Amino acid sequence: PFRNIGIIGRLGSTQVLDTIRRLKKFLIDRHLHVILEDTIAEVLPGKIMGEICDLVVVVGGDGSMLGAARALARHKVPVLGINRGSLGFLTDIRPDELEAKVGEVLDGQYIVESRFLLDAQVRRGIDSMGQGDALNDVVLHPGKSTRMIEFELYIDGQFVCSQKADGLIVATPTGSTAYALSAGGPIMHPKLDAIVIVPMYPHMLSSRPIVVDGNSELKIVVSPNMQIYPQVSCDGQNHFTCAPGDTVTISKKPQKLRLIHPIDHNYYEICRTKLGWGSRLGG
């Protein structure tokens, strides 16, 4: 199917668009059809992408891949990441090895890694008040208020606890290395069928992250005794205002993201270089 190739970038970088110019010329010389993102095309003179491309190449950091994954996941189109120079959890191809790597994938040497996303649904009673997907995390937080908020947590209909905190981070394995990690959560291997729940700046010192089955359904009830309207954020990009008493329901989407890596992809190598963990011992 690899004939219609889409390219997405994050603007504002010399080095990005240089990688872009190198990629276009490499695929054109392979007699492939190349479709630029409407916004990236305005930076080099010369949402619907998943529907027409058989493969989408994302140039940028893990953040660029994040924005593109929700759109590409629902369209069942494979996604390949090129980083800005160092490995990212979602972007494995270095810019200077672009021709080797990308040509390797187009020729048929690549590994496929499903990643699951979350569905966030805000409700007032049974009325939907907003729905968003998230590859990394669904985050409940106070928005513009500088006060702590209050909420209850249910998992598969069972009451877990109430708490006072800034909010809550609910993360996939992909998101376990992003906000959740900074907030004290564990790393979860990308193949783990699990969801982590990480309290944000909790009042209660014995608050601790919980890891639950990936097929679990989460329900957050915003406290009806609050005076402020908190916010729910998906991948830090799609936002919804919640009223006191609203519910936020979170579970795993059926359609997972088809993420492509070169055959030499190594998840732990990525952890070592990004997080600085020790390499093999010497003498």
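Numbering starts at 1 and follows the sequence shown.
Q: Are any deposited residues left out of the model between residue 46 and residue 47, and how many (none, 1 to 3, 4 to 9, 10 or more)?
A: In the record, 4 to 9 residues between residue 46 and residue 47 lack coordinates.
Q: Taking only the CA atoms, which stretch has the higher mean B-factor in the record, 153-161 or 178-186?
A: Comparing averages over the C-alpha atoms only gives 153-161.
Q: Mean CA B-factor: is it higher for 218-226 or for 251-259?
A: Higher of the two, by average CA B-factor, is 251-259.
Q: Of 127, 107, 166, 213, which one's C-alpha B factor is largest in the deposited record?
A: When the deposited C-alpha B-factors of 127, 107, 166, 213 are compared, 107 is largest.
Q: Between 71, 100, 197, 140, where does the Cα B-factor run highest in the record?
A: The record points to 100.
Q: Give the position of residue 6 by CA B-factor within its chain, expressed as the lowest, middle or highest third.
A: According to the entry, residue 6 has a C-alpha B-factor in the chain's highest third.
Q: Could you look up the Cα B-factor of residue 115 in the entry and say which third of the chain it sits in: lowest, middle or highest?
A: Its C-alpha B-factor belongs to the middle third of this chain's values.
Q: Against its chain's modelled residues, does residue 42's Cα B factor rank lowest, middle or highest third?
A: Residue 42: CA B-factor falls in the highest third of its chain.
Q: Quick check for you: using the entry's CA B-factors within this chain, is residue 246 in the lowest, middle or highest third?
A: Answer is middle: the recorded C-alpha B-factor places it there.
Q: Going by the CA temperature factor in the PDB record, which third of the chain does residue 94 belong to: lowest, middle or highest?
A: As the PDB entry reports it, the C-alpha B-factor of residue 94 lands in the highest third of its chain.
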